[PDB]
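Engineer: Take a look at my_file_38.cif, mmCIF, N, CA and C atoms:
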```cif
data_start
#
loop_
_atom_site.label_atom_id
_atom_site.label_comp_id
_atom_site.auth_asym_id
_atom_site.auth_seq_id
_atom_site.Cartn_x
_atom_site.Cartn_y
_atom_site.Cartn_z
N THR A 1 -40.55 -25.47 -8.76
CA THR A 1 -40.42 -24.24 -9.53
C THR A 1 -39.68 -23.16 -8.74
N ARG A 2 -39.74 -23.23 -7.42
CA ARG A 2 -39.06 -22.25 -6.58
C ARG A 2 -37.56 -22.56 -6.56
N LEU A 3 -37.23 -23.84 -6.60
CA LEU A 3 -35.84 -24.26 -6.75
C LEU A 3 -35.27 -23.75 -8.07
N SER A 4 -36.14 -23.63 -9.07
CA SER A 4 -35.74 -23.05 -10.35
C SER A 4 -35.53 -21.55 -10.23
N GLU A 5 -36.34 -20.90 -9.39
CA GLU A 5 -36.20 -19.46 -9.16
C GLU A 5 -34.91 -19.15 -8.42
N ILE A 6 -34.58 -19.99 -7.44
CA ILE A 6 -33.39 -19.79 -6.62
C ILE A 6 -32.12 -19.90 -7.45
N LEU A 7 -32.04 -20.94 -8.29
CA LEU A 7 -30.87 -21.15 -9.13
C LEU A 7 -30.68 -20.01 -10.13
N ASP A 8 -31.78 -19.47 -10.64
CA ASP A 8 -31.71 -18.35 -11.57
C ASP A 8 -31.19 -17.09 -10.88
N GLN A 9 -31.61 -16.87 -9.65
CA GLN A 9 -31.15 -15.72 -8.87
C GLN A 9 -29.67 -15.86 -8.53
N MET A 10 -29.24 -17.09 -8.27
CA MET A 10 -27.84 -17.35 -7.92
C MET A 10 -26.90 -17.09 -9.09
N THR A 11 -27.31 -17.49 -10.29
CA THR A 11 -26.49 -17.27 -11.48
C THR A 11 -26.32 -15.78 -11.76
N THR A 12 -27.37 -15.01 -11.52
CA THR A 12 -27.31 -13.57 -11.68
C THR A 12 -26.30 -12.98 -10.69
N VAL A 13 -26.34 -13.48 -9.46
CA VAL A 13 -25.43 -13.03 -8.41
C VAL A 13 -24.00 -13.47 -8.70
N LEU A 14 -23.85 -14.71 -9.16
CA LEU A 14 -22.53 -15.25 -9.48
C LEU A 14 -21.91 -14.54 -10.68
N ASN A 15 -22.74 -14.11 -11.62
CA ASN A 15 -22.26 -13.36 -12.77
C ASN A 15 -21.84 -11.94 -12.37
N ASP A 16 -22.56 -11.34 -11.44
CA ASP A 16 -22.23 -10.00 -10.96
C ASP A 16 -20.99 -10.02 -10.07
N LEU A 17 -20.85 -11.08 -9.27
CA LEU A 17 -19.66 -11.26 -8.44
C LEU A 17 -18.40 -11.39 -9.29
N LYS A 18 -18.53 -12.10 -10.41
CA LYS A 18 -17.44 -12.29 -11.35
C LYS A 18 -16.91 -10.95 -11.86
N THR A 19 -17.83 -10.05 -12.19
CA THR A 19 -17.48 -8.72 -12.65
C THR A 19 -16.75 -7.93 -11.56
N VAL A 20 -17.33 -7.92 -10.37
CA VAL A 20 -16.79 -7.14 -9.25
C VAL A 20 -15.41 -7.64 -8.82
N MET A 21 -15.24 -8.95 -8.79
CA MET A 21 -13.98 -9.54 -8.35
C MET A 21 -12.90 -9.45 -9.42
N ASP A 22 -13.30 -9.37 -10.69
CA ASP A 22 -12.35 -9.08 -11.76
C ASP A 22 -11.82 -7.66 -11.59
N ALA A 23 -12.69 -6.76 -11.14
CA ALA A 23 -12.30 -5.38 -10.89
C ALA A 23 -11.36 -5.29 -9.70
N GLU A 24 -11.59 -6.13 -8.69
CA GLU A 24 -10.74 -6.16 -7.51
C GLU A 24 -9.34 -6.63 -7.86
N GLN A 25 -9.26 -7.65 -8.71
CA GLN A 25 -7.98 -8.16 -9.16
C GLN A 25 -7.16 -7.06 -9.84
N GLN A 26 -7.84 -6.24 -10.65
CA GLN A 26 -7.20 -5.12 -11.33
C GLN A 26 -6.68 -4.10 -10.32
N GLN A 27 -7.46 -3.88 -9.27
CA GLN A 27 -7.08 -2.94 -8.22
C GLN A 27 -5.83 -3.40 -7.48
N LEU A 28 -5.74 -4.70 -7.24
CA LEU A 28 -4.66 -5.26 -6.43
C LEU A 28 -3.42 -5.64 -7.26
N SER A 29 -3.53 -5.54 -8.58
CA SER A 29 -2.44 -5.93 -9.47
C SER A 29 -1.44 -4.80 -9.69
N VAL A 30 -0.22 -5.17 -10.06
CA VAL A 30 0.84 -4.20 -10.31
C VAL A 30 1.43 -4.44 -11.71
N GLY A 31 1.90 -3.38 -12.35
CA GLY A 31 2.55 -3.50 -13.65
C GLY A 31 1.60 -3.72 -14.82
N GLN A 32 0.31 -3.53 -14.58
CA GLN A 32 -0.70 -3.67 -15.63
C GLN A 32 -0.65 -2.46 -16.56
N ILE A 33 -1.08 -2.65 -17.80
CA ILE A 33 -1.09 -1.56 -18.77
C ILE A 33 -2.06 -0.47 -18.35
N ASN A 34 -3.34 -0.81 -18.26
CA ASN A 34 -4.32 0.15 -17.76
C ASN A 34 -4.48 -0.01 -16.26
N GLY A 35 -3.52 0.54 -15.52
CA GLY A 35 -3.41 0.28 -14.10
C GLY A 35 -4.37 1.06 -13.22
N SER A 36 -4.68 0.48 -12.07
CA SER A 36 -5.57 1.11 -11.10
C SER A 36 -4.88 2.25 -10.38
N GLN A 37 -5.63 2.93 -9.52
CA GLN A 37 -5.08 4.00 -8.70
C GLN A 37 -4.09 3.44 -7.68
N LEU A 38 -4.41 2.27 -7.13
CA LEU A 38 -3.55 1.64 -6.13
C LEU A 38 -2.21 1.24 -6.75
N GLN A 39 -2.23 0.79 -8.00
CA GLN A 39 -1.01 0.41 -8.71
C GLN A 39 -0.07 1.60 -8.84
N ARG A 40 -0.60 2.73 -9.31
CA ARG A 40 0.18 3.95 -9.46
C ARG A 40 0.78 4.40 -8.13
N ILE A 41 -0.02 4.30 -7.07
CA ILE A 41 0.43 4.64 -5.72
C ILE A 41 1.52 3.69 -5.24
N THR A 42 1.31 2.39 -5.47
CA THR A 42 2.27 1.36 -5.09
C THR A 42 3.63 1.56 -5.78
N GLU A 43 3.60 1.83 -7.08
CA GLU A 43 4.84 1.96 -7.85
C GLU A 43 5.59 3.24 -7.50
N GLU A 44 4.86 4.33 -7.32
CA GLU A 44 5.48 5.61 -6.99
C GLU A 44 6.08 5.58 -5.58
N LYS A 45 5.34 4.99 -4.64
CA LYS A 45 5.80 4.85 -3.27
C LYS A 45 7.12 4.08 -3.17
N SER A 46 7.19 2.95 -3.87
CA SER A 46 8.37 2.09 -3.80
C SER A 46 9.58 2.72 -4.48
N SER A 47 9.35 3.53 -5.51
CA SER A 47 10.44 4.23 -6.18
C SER A 47 10.92 5.42 -5.34
N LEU A 48 9.99 6.10 -4.68
CA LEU A 48 10.34 7.19 -3.79
C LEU A 48 11.14 6.68 -2.59
N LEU A 49 10.79 5.50 -2.11
CA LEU A 49 11.49 4.91 -0.97
C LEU A 49 12.89 4.45 -1.36
N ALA A 50 13.03 4.01 -2.60
CA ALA A 50 14.34 3.62 -3.12
C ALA A 50 15.27 4.82 -3.15
N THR A 51 14.73 5.97 -3.57
CA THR A 51 15.49 7.21 -3.58
C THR A 51 15.90 7.61 -2.16
N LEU A 52 14.95 7.57 -1.23
CA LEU A 52 15.21 7.93 0.16
C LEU A 52 16.30 7.05 0.76
N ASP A 53 16.23 5.75 0.48
CA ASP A 53 17.21 4.81 1.01
C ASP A 53 18.60 5.12 0.45
N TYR A 54 18.65 5.45 -0.84
CA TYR A 54 19.91 5.83 -1.48
C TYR A 54 20.48 7.11 -0.86
N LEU A 55 19.63 8.12 -0.71
CA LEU A 55 20.05 9.39 -0.11
C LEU A 55 20.51 9.20 1.34
N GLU A 56 19.87 8.29 2.05
CA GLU A 56 20.24 8.01 3.44
C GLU A 56 21.66 7.45 3.52
N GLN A 57 21.98 6.54 2.60
CA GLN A 57 23.30 5.94 2.55
C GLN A 57 24.36 6.99 2.20
N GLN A 58 24.01 7.89 1.28
CA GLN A 58 24.89 8.99 0.90
C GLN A 58 25.14 9.93 2.08
N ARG A 59 24.09 10.20 2.85
CA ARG A 59 24.19 11.05 4.02
C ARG A 59 25.16 10.48 5.04
N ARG A 60 25.09 9.17 5.25
CA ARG A 60 25.98 8.49 6.18
C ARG A 60 27.44 8.58 5.72
N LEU A 61 27.64 8.65 4.41
CA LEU A 61 28.99 8.78 3.86
C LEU A 61 29.56 10.19 4.07
N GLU A 62 28.70 11.13 4.44
CA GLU A 62 29.10 12.53 4.64
C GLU A 62 29.39 12.88 6.10
N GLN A 63 29.72 11.87 6.90
CA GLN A 63 29.93 12.06 8.33
C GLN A 63 31.19 12.86 8.63
N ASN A 64 32.21 12.70 7.79
CA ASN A 64 33.50 13.34 8.04
C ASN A 64 33.65 14.70 7.35
N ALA A 65 32.76 15.01 6.41
CA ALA A 65 32.84 16.26 5.67
C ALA A 65 32.55 17.46 6.56
N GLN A 66 33.32 18.53 6.37
CA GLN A 66 33.24 19.71 7.23
C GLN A 66 31.97 20.53 7.03
N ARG A 67 31.74 21.47 7.94
CA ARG A 67 30.52 22.27 7.96
C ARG A 67 30.75 23.68 7.44
N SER A 68 29.66 24.38 7.16
CA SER A 68 29.71 25.78 6.76
C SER A 68 28.89 26.63 7.72
N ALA A 69 29.43 26.84 8.92
CA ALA A 69 28.74 27.63 9.94
C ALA A 69 28.54 29.07 9.48
N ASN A 70 27.32 29.59 9.61
CA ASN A 70 26.19 28.84 10.16
C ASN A 70 25.44 28.04 9.10
N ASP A 71 25.12 26.79 9.41
CA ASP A 71 24.30 25.97 8.53
C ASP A 71 23.23 25.24 9.34
N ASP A 72 21.99 25.31 8.85
CA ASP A 72 20.84 24.76 9.57
C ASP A 72 20.70 23.25 9.38
N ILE A 73 21.82 22.53 9.44
CA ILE A 73 21.81 21.08 9.24
C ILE A 73 21.09 20.38 10.39
N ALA A 74 21.40 20.76 11.63
CA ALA A 74 20.75 20.16 12.79
C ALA A 74 19.25 20.42 12.78
N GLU A 75 18.87 21.61 12.33
CA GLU A 75 17.46 21.99 12.26
C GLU A 75 16.74 21.20 11.18
N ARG A 76 17.40 21.04 10.03
CA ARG A 76 16.81 20.31 8.92
C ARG A 76 16.79 18.81 9.21
N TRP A 77 17.77 18.34 9.97
CA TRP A 77 17.82 16.93 10.34
C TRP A 77 16.69 16.58 11.30
N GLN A 78 16.37 17.52 12.18
CA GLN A 78 15.25 17.35 13.10
C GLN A 78 13.94 17.19 12.35
N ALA A 79 13.71 18.06 11.37
CA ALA A 79 12.50 18.00 10.57
C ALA A 79 12.42 16.69 9.79
N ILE A 80 13.57 16.19 9.36
CA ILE A 80 13.63 14.94 8.61
C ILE A 80 13.25 13.75 9.48
N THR A 81 13.85 13.65 10.66
CA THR A 81 13.54 12.54 11.57
C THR A 81 12.07 12.56 11.99
N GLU A 82 11.51 13.76 12.10
CA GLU A 82 10.08 13.91 12.40
C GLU A 82 9.22 13.32 11.29
N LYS A 83 9.50 13.72 10.05
CA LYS A 83 8.72 13.25 8.92
C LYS A 83 8.85 11.75 8.73
N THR A 84 10.04 11.21 8.97
CA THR A 84 10.28 9.78 8.79
C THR A 84 9.55 8.98 9.86
N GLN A 85 9.53 9.51 11.08
CA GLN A 85 8.80 8.88 12.18
C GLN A 85 7.32 8.79 11.85
N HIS A 86 6.76 9.88 11.33
CA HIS A 86 5.36 9.93 10.95
C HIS A 86 5.04 8.95 9.81
N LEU A 87 5.92 8.88 8.83
CA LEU A 87 5.74 7.96 7.71
C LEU A 87 5.85 6.51 8.18
N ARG A 88 6.71 6.28 9.17
CA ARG A 88 6.85 4.97 9.78
C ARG A 88 5.53 4.50 10.39
N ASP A 89 4.87 5.38 11.13
CA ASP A 89 3.60 5.05 11.76
C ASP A 89 2.50 4.85 10.73
N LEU A 90 2.52 5.66 9.68
CA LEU A 90 1.55 5.54 8.60
C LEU A 90 1.73 4.22 7.84
N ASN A 91 2.98 3.81 7.63
CA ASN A 91 3.24 2.55 6.94
C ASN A 91 2.76 1.36 7.76
N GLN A 92 2.91 1.46 9.07
CA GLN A 92 2.44 0.43 9.99
C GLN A 92 0.92 0.33 9.96
N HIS A 93 0.27 1.48 9.93
CA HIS A 93 -1.19 1.56 9.86
C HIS A 93 -1.70 0.94 8.55
N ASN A 94 -1.08 1.33 7.43
CA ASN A 94 -1.46 0.80 6.12
C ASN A 94 -1.23 -0.71 6.02
N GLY A 95 -0.20 -1.21 6.68
CA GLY A 95 0.03 -2.64 6.76
C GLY A 95 -1.10 -3.31 7.52
N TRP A 96 -1.55 -2.65 8.58
CA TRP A 96 -2.67 -3.14 9.37
C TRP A 96 -3.97 -3.09 8.55
N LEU A 97 -4.09 -2.09 7.68
CA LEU A 97 -5.23 -2.01 6.77
C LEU A 97 -5.21 -3.15 5.76
N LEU A 98 -4.01 -3.52 5.32
CA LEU A 98 -3.83 -4.65 4.41
C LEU A 98 -4.26 -5.96 5.06
N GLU A 99 -3.94 -6.11 6.34
CA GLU A 99 -4.36 -7.29 7.09
C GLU A 99 -5.89 -7.37 7.19
N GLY A 100 -6.53 -6.21 7.27
CA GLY A 100 -7.99 -6.15 7.23
C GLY A 100 -8.53 -6.61 5.89
N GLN A 101 -7.86 -6.21 4.81
CA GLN A 101 -8.22 -6.66 3.47
C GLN A 101 -8.12 -8.17 3.39
N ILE A 102 -7.05 -8.71 3.96
CA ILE A 102 -6.82 -10.15 3.93
C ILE A 102 -7.90 -10.88 4.73
N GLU A 103 -8.27 -10.32 5.88
CA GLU A 103 -9.31 -10.90 6.72
C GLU A 103 -10.65 -11.02 5.98
N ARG A 104 -11.03 -9.98 5.25
CA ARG A 104 -12.28 -9.99 4.50
C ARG A 104 -12.20 -10.96 3.32
N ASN A 105 -11.01 -11.07 2.75
CA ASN A 105 -10.77 -12.01 1.66
C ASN A 105 -11.02 -13.45 2.11
N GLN A 106 -10.56 -13.77 3.32
CA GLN A 106 -10.76 -15.11 3.86
C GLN A 106 -12.21 -15.34 4.27
N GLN A 107 -12.88 -14.27 4.70
CA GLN A 107 -14.32 -14.34 4.98
C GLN A 107 -15.09 -14.60 3.69
N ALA A 108 -14.64 -13.96 2.61
CA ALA A 108 -15.24 -14.13 1.29
C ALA A 108 -15.08 -15.57 0.81
N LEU A 109 -13.97 -16.18 1.19
CA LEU A 109 -13.66 -17.54 0.77
C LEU A 109 -14.63 -18.56 1.37
N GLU A 110 -14.95 -18.38 2.65
CA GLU A 110 -15.80 -19.34 3.35
C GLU A 110 -17.23 -19.33 2.82
N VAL A 111 -17.63 -18.22 2.19
CA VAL A 111 -18.94 -18.14 1.57
C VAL A 111 -18.93 -18.87 0.22
N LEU A 112 -17.79 -18.83 -0.45
CA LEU A 112 -17.66 -19.43 -1.78
C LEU A 112 -17.32 -20.91 -1.74
N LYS A 113 -17.02 -21.43 -0.55
CA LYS A 113 -16.73 -22.85 -0.42
C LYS A 113 -18.01 -23.66 -0.58
N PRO A 114 -17.92 -24.82 -1.26
CA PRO A 114 -19.11 -25.64 -1.55
C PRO A 114 -19.69 -26.29 -0.30
#
```
Let's see the structure in the file written out as structure tokens.
Structural biologist:
Amino acid sequence: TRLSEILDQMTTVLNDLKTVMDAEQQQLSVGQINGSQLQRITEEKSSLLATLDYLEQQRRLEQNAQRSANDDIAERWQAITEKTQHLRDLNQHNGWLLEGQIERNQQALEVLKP
């Protein structure tokens, strides 16, 4: 009868896990209709970076164009390289956070293995 109790408790847990992990899939998915917060962040980030990359290429094309002294281009360029450096480190950190997510995912797998 205790073996019957254990199996009943497991089904309750397995049913609740199903709900939670369905929610996780939604969180990690992209392009969904009713999208998660992470999806919105993912899509906006990648579109913003596309713009930055485009603007960077345009900037490089402006190497020969003359100046309007006085113009704070060197000052504004300094602030830009600063912000990009900081975003670079943040992107590296977030990638490392993703690796942590992956590590827990694999830990989750070993529990679910028969």
Engineer: The centre and edge lengths of an axis-aligned box containing all atoms of range 43-55 of chain A present in the file, extended by 4 Å on each side, are to be given in Å to one decimal, as lines of an AutoDock Vina configuration file.
Structural biologist:
```
center_x = 12.1
center_y = 5.6
center_z = -3.3
size_x = 24.9
size_y = 15.6
size_z = 17.2
```
Engineer: So how far away is CA of residue 45 in chain A from atom N of residue 91 in chain A, in Å?
Structural biologist: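 Computed distance, atom N of residue 91 in chain A to CA of residue 45 in chain A, equals 11.3 Å.
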Engineer: Report the residues of chain A whose backbone DSSP state falls under helix (DSSP H, G or I), written as an NGL selection string.
Structural biologist: :A and (2-28 or 37-60 or 73-112)
Engineer: To test your reading of the syntax: which residues would the PyMOL selection byres (((chain A and resi 49-57 and name CA) around 12) and name CA) return for the file shown? Reply as an NGL selection string.
Structural biologist: :A and (42-48 or 58-63 or 77 or 80-81 or 84 or 87-88 or 91)
Engineer: Report, in Å with one decimal, the straight-line distance from CA of residue 40 in chain A to CA of residue 82 in chain A.
Structural biologist: 26.0 Å
Engineer: How close does each residue of range 15-77 of chain A get to range 104-114 of chain A, giving the shortest atom pair and distance in Å to one decimal for every residue with an atom at most 12 Å away, counting only C-alpha atoms, sorted by chain and residue number, as a Markdown table?
Structural biologist:
```
| residue | atom | partner | partner_atom | distance |
| --- | --- | --- | --- | --- |
| A:17 | CA | A:112 | CA | 10.7 |
| A:18 | CA | A:112 | CA | 11.9 |
| A:21 | CA | A:108 | CA | 10.8 |
| A:24 | CA | A:105 | CA | 10.9 |
| A:25 | CA | A:105 | CA | 11.8 |
```
Engineer: Next, the residues of the selection above should be written as a tab-separated table (two decimals), in the frame of the given file with N, CA and C atoms.
Structural biologist:
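Dumped to result-v4.tsv:
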```
chain	number	residue	atom	x	y	z
A	17	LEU	N	-20.85	-11.08	-9.27
A	17	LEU	CA	-19.66	-11.26	-8.44
A	17	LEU	C	-18.40	-11.39	-9.29
A	18	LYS	N	-18.53	-12.10	-10.41
A	18	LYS	CA	-17.44	-12.29	-11.35
A	18	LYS	C	-16.91	-10.95	-11.86
A	21	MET	N	-15.24	-8.95	-8.79
A	21	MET	CA	-13.98	-9.54	-8.35
A	21	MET	C	-12.90	-9.45	-9.42
A	24	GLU	N	-11.59	-6.13	-8.69
A	24	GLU	CA	-10.74	-6.16	-7.51
A	24	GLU	C	-9.34	-6.63	-7.86
A	25	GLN	N	-9.26	-7.65	-8.71
A	25	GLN	CA	-7.98	-8.16	-9.16
A	25	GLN	C	-7.16	-7.06	-9.84
```
Engineer: Rounded to one decimal, what separation in Å do you get between CA of residue 68 in chain A and CA of residue 85 in chain A?
Structural biologist: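 CA of residue 85 in chain A lies 27.4 Å from CA of residue 68 in chain A.
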Engineer: Using all atoms listed in the file, which protein or nucleic acid residues come within 8 Å of residue 37 in chain A? Drop anything in the same chain fewer than 6 positions from it, and give the result as a short mmCIF file (atom, residue, chain, number, x, y, z; two decimals) with N, CA and C atoms, in the frame of the given file.
Structural biologist:
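File around-v7.cif, as written:
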```cif
data_model
loop_
_atom_site.label_atom_id
_atom_site.label_comp_id
_atom_site.auth_asym_id
_atom_site.auth_seq_id
_atom_site.Cartn_x
_atom_site.Cartn_y
_atom_site.Cartn_z
N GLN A 26 -7.84 -6.24 -10.65
CA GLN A 26 -7.20 -5.12 -11.33
C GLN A 26 -6.68 -4.10 -10.32
N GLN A 27 -7.46 -3.88 -9.27
CA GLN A 27 -7.08 -2.94 -8.22
C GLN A 27 -5.83 -3.40 -7.48
N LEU A 28 -5.74 -4.70 -7.24
CA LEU A 28 -4.66 -5.26 -6.43
C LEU A 28 -3.42 -5.64 -7.26
N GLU A 43 3.60 1.83 -7.08
CA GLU A 43 4.84 1.96 -7.85
C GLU A 43 5.59 3.24 -7.50
#
```
